[PDB]
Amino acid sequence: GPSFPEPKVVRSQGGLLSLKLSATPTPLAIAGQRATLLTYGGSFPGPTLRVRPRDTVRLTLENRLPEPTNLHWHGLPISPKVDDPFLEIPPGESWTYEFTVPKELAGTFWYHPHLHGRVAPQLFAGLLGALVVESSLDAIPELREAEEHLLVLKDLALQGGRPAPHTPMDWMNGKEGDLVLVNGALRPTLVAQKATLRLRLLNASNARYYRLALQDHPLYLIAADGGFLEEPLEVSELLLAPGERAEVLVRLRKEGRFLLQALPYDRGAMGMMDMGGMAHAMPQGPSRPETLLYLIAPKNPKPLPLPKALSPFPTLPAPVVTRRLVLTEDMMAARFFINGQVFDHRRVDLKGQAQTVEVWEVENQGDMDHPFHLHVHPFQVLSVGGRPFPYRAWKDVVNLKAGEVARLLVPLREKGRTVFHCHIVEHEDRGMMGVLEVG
């Protein structure tokens, strides 16, 4: 096949993407070994769904797992009556998700399970795939002429030909695996045919962070989780926390082989040691560097000019309320809290008004990084840790290092009950989730 593996794409046809997926244990070859994963559509990752604004999506999920499951349409501003975090699809049953893609939308999104208490093992076992919303902006020459690729970053650990089970330490830290894969492949080679690449990046890992850097090159950020930036932003590296997405342009500068690496990054994961007194928790420290893929530049590369503008960011109405959410940890219990409470699906924590704008101040009073995710209502990150954000774009996950406060501008869109939670999904399963009701 093509030197660079990418998930099979399913495109809407005549404005309709109508598809039956099964969530099923699946024998696969992965990273040179045979394994049984839990997959959508028989593949790992699941198929990439590619749609346009105003398309209808009709997705029937058949549950062939021994456990209940459901779907979260991560990042899509649709109704929480469709993107329903409380729905359970029992084993053997099916459910049809039907929605219209919003008009003012573009970017890379994804789908994965969201059945509270079961997300981490289901996501770790392989249940995830991408959704791309194509934009009329993709026709501008500086993007149309770029070579486009999707990079699904997800790690895995295997034991006896199956995903390794969660340990107690995994529930505390979030599980990371030793197989650090791109599109399910181990260190694939991307042989570029054009000098400009457009890379859609998705961190679909349970807990692993990717401090992305391409040898000898900057990256040009053109989209965040849920939409384009206003103009490209040059960066030397790009941290992608669990659940985050980005799109970057790469402008290949000369012939040769360049590594795309996940550089060392310390997210605050903890180990245990015994040195006499003890036993006591100790930091794991930074991750070991990983090579994600090999990028081969073409002969005599002449990259296109960057686009000068992308999409203007909407002017938002003045906000009507300020919220404060505080994140705390009980690491030895593997319990995680928002404002001192664990998730309770019967308890509404915040009540807001549709079509108003709110300011959310999310404060990490723990020692681990926590990537904060809000369903249904994309937000604008104003500042994190007291540093203004260098661009305007829609996001739906924001990473908070220990001690940091993120200030978010949250326009409330669709009415209904939805959730916010840590996207280290072990922490969500262990309680770090709350309920927002919009009316």
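Numbering starts at 1 and follows the sequence shown.
Legend: mean Cα B-factor per stretch from the PDB entry, 112-120 versus 207-215; the higher mean is in 112-120. Mean CA temperature factor is higher for 313-321 when stretches 313-321 and 74-82 are set side by side in the entry. For the set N183, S236, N339, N173, the PDB entry puts the maximum C-alpha B factor at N339. Per the deposited coordinates, the residue with the largest Cα temperature factor out of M272, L201, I222, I296 is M272. Remark: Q33 belongs to the highest third of its chain, ranked by C-alpha B-factor as recorded. Among the modelled residues of its chain, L21 has a C-alpha B-factor that falls in the highest third according to the deposited record.
When the modelled residues of the chain are ordered by C-alpha B-factor, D349 sits in the middle third. Among the modelled residues of its chain, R50 has a C-alpha B-factor that falls in the lowest third according to the deposited record. Sort the modelled residues of the chain by CA B factor and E358 lands in the lowest third.
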